[PDB]
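Some notes on the structure that comes next.
Each reported figure results from applying straightforward, stated rules to the coordinates on display, with no laboratory input. We place every Cβ from the backbone using ideal geometry, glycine too, and count neighbours over all the protein chains shown.
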């Protein structure tokens, strides 16, 4: 057995970053929103089911949710002031039972 990396065509891995990341935005939703930036390690271990280990230097997005913006939101109008954080997402994905669940998703 071993770890298998994903490509730009794995709706499963996409549901992984969107699951944990979705939790990052709902976490900072207060001040503003947290948005991915430059992934680093997006993989899906393959055991009895799957393990989704993700890494990305999370970033932010000024606008919160409405702020009279309809649909936009953005980091800090540039990189010059949009630091980031290193977060890892751990999503177990089990086929045959469409059972996806979050696990080790922590950012810091």
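Quick rundown of the values:
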{"item": "Number of the exception - residue 76 against (1) in a loop (DSSP other than H, G, I, E, B); (2) in contact with a strand residue (DSSP E or B) (Cβ under 8 Å, 6 or more places away or on another chain); (3) without any contact (Cβ under 8 Å) to a residue 40 or more places away in the chain; (4) under 17 Å from residue 22 (Cβ atoms)", "result": "(4)"}
{"item": "Of residues in the range 32-48 being crowded, with 16+ Cβ neighbours inside 10 Å and part of a loop (DSSP other than H, G, I, E, B), the one nearest to the chain's Cα centre (by Cα)", "result": "36"}
{"item": "Tally, over the range 79-108, of residues that are under 17 Å from the mean Cα position of the chain (by Cα), touching a residue at least 12 places away in the same chain (Cβ under 8 Å) and not in a loop (DSSP other than H, G, I, E, B)", "result": "13"}
{"item": "Residue match in the range 49-67 (condition: under 23 Å from residue 1 (Cα atoms) and assigned to a loop (DSSP other than H, G, I, E, B))", "result": "yes"}
